[PDB]
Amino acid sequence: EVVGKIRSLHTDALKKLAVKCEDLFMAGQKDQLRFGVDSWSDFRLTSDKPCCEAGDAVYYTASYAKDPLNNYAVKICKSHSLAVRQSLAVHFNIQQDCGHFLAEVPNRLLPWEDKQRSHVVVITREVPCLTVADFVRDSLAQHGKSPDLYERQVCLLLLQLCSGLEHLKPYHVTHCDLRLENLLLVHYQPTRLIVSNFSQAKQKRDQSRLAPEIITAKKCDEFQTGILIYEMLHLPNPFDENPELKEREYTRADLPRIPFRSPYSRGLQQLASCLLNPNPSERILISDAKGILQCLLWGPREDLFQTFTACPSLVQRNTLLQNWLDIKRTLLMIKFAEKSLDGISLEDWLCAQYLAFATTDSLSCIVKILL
């Protein structure tokens, strides 16, 4: 009775807090700029070394001549990506741009060159500092020394990736080129992940990242996300370590084993196995992967899993999950209230998103997958 009223108050409040966080993290001017007579000269590069080298372009921090104190990055493409991405509403984890133009760029700036040639130059306000590939490459020693801290950051990056991929579903868009060098890391007022490079995007060697259904005769992005889990854990592409899985219809025991090094290793292993299911109809959805990642970060632990399996009735399982939700929502609400007397981190926003929209039915589905 009254318990339902307080449950509704916390749920509606956390949704409002999540929306308020979203508007605070997404604030800023987004009107596209106008370019004309030598707009390449209006961008004074603040450095000669690149600030980021992605799979589709090179990035340079620049001072726009008509606004010299705000952050701008010059994206010099290597060779459709703008057409597909411009049709999407803005999203925290999907790359935005404020204009583009052609320009003659010196070859000394391009690593894949060196005669002056014309290239597509894109301007963005979210300056990338590195890619996830660069982060993974530089974090081998930290993964060995601090497996709990590193593998938690992996879950947080994967959670942002699922959010951006979930944004593509209502458009019926598949990225089709999810590689670690296409995921950028930027700051927020470098832990903000940004999906980029839509050159292979579909609007409704290289085959090592193609789902099995593509090779035989809309779960492509889910399958490529399963490969990324291995790579972010400093493991090779499973279809490069065992290059005979694509020529068969493998099972769970055929996939290479993820080392058991942190409280997140078993869940990430189960998540990858579900994403790498050779049958598309049984391959989990990217929203289910999001729920798994939320569960590994904040959701109910394996200690509650034992009570879940031991409960004979669905009513007792619903009470167990509902009690966990009510307590976690209360704790998070207290956390926000205490900050009003002392900022809001990215993890606080994502945690509010989880508890605000989670239900006992959604938790029951995620738990049964992780069992």
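Numbering starts at 1 and follows the sequence shown.
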Quiz item: In the deposited sequence, how many residues between residue 189 and residue 190 have no modelled coordinates (none, 1 to 3, 4 to 9, 10 or more)?
Solution: 10 or more
Quiz item: Counting only residues of the deposited sequence, how many between residue 79 and residue 80 have no atoms in the entry (none, 1 to 3, 4 to 9, 10 or more)?
Solution: 4 to 9
Quiz prompt | Given 42-50 and 329-337, the range whose Cα B-factors average higher in the PDB entry | solution = 42-50
Practice problem: On mean C-alpha B-factor from the PDB entry, just flag whether 257-265 or 105-113 is the higher one. | Solution: 105-113
Quiz item: For the listed 156, 214, 295, 173, which has the peak Cα B-factor recorded in the PDB entry?
Solution: 214
Quiz item: Highest Cα B-factor in the deposition, which of 320, 310, 26, 58?
Solution: 310
Exercise. For residue 287, return the chain-relative third of its C-alpha B-factor as stated in the PDB record: lowest, middle or highest.
Key: middle
Quiz item: When the modelled residues of the chain are sorted by Cα temperature factor, does residue 125 land in the lowest, middle or highest third?
Solution: middle
Quiz item: Comparing residue 140 with the other modelled residues of its chain, is its CA B-factor in the lowest, middle or highest third?
Solution: middle
Exercise. Grab the CA temperature factor for residue 200 from the record and place it in the lowest, middle or highest third of its chain.
Key: middle
Quiz item: Based on the entry's values, in what third of the chain does the Cα temperature factor of residue 148 lie: lowest, middle or highest?
Solution: middle
